[PDB]
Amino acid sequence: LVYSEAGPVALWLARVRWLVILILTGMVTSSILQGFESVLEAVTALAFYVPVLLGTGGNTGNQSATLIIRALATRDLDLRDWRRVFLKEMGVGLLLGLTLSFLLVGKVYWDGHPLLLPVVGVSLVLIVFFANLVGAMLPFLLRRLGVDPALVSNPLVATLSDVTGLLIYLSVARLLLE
């Protein structure tokens, strides 16, 4: 589609379907949170860190994904190299997790919620770790399924990290505060 020649109505028609699919899939997060209503009610400040946790996961995943998409498209990597990449990214994700978690724990202490220092600290490490792997592996999976990663990698990694991020954080919270 040519942007400069497309009217508002035309742009809406070309954009809406992808957004509808994403928000329908995104509604899952609201159901997840409802299933943890007990823990959310128990500790008020638990909800304060959801956007930065899910957002950091998304940032990490889309960073590693972009690196992989480029590496494959430039033939620096091949589809057969996914295992060696996986093993290497386990280390990178762990190192990134520890670094970012160290900072966020500082914020939690600043905000004055010492009860949440362990749950937030552990959760972000796990979230960065898994989001980094999802980001590194998705371009391989997409390519093998016939669709190039460049077109749809961003919203997929963002949605998956949101779902998996909520599940990790709230589960860690339920085990440590109950």
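Residue positions are given as counts along the sequence shown, with the first one as 1.
Stretches compared: 89-97, 70-78. Higher mean C-alpha B-factor in the entry: 70-78.
When the two stretches 46-54 and 135-143 are set side by side, the higher mean Cα temperature factor goes to 135-143. Within the group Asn59, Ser123, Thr29, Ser153, the record's highest C-alpha temperature factor is found at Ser153.
Ranked within its chain, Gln63 lands in the lowest third, by CA B factor from the PDB record.
For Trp110, the recorded CA B-factor ranks within the middle third of the chain. Only modelled residues enter the ranking.
Among the modelled residues of the chain, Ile127 sits in the lowest third by CA temperature factor in this PDB entry.
Among all modelled residues in this chain, the alpha-carbon of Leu33 has a temperature factor (C-alpha) in the lowest third.
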